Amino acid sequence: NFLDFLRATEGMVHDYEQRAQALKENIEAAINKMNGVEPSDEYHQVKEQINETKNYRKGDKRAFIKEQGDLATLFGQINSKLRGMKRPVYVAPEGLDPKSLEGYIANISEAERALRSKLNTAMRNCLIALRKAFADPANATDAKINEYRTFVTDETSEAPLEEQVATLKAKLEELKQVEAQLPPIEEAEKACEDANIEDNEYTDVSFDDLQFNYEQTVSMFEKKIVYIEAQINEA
């Protein structure tokens, strides 16, 4: 009968209006949350921020999209039933019609892409910083060792043997100071591996290359001092 139809279509309108408003408020809260995110400059924080965007993509993002489509269906259904009964058309409140709701879906979709893009930028810059944090002192220390490598491999001295030995011992003591500068360089490399970094355009040395260069250079100094002191004992 006619009063049942009117009551049923009124209840559908009441359900549509309440859900459309709730959808709008929910999208508004989620888009504001996205736009409020400030990307970190620390690796594990950015990775969690990126992981947070995946919770939206798997959760409310689908909930919003489904509910917009469900409401667009319901709006069409309401007006379908009204047309069939020669009733006035149903007009949703301003900003709550299905097309407005569709536009809010596009709004948060834009905000979602924009958030993801700035998080990806912050992640690449974080990785570039981690690379440079290893490269700069690694390049410094490698060049410093190589200076001492050049000295100990020079065969050109015509100085008396005792002066050669004193000079070699003094340079070795200098080089040995480098040993204390290595632990922080290893730490920087480990931080790179913690971020799963697998290339470093900024250096051509690994920490093991550096540690090994130091140890071998020190040993060459030691062995040269020994054999020159053997020469001095033979006189």
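The first residue of the shown sequence is 1; numbering continues from there.
The deposited model assigns a higher average Cα B-factor to 124 to 132 than to the other stretch when 124 to 132 and 94 to 102 are compared. The deposited model assigns a higher average Cα B-factor to 150 to 158 than to the other stretch when 150 to 158 and 76 to 84 are compared. The PDB entry assigns the greatest CA B-factor among 188, 170, 65, 31 to 188. Per the PDB record, residue ranking by Cα B-factor puts residue 39 in the highest third of the chain. The PDB entry assigns residue 109 a C-alpha temperature factor belonging to the lowest third of its chain's modelled residues. When all modelled residues of the chain are sorted by CA temperature factor, residue 224 is found within the middle third. Sorting the modelled residues of the chain by their CA temperature factor places residue 61 in the lowest third. Sort the modelled residues of the chain by CA B factor and residue 70 lands in the lowest third.
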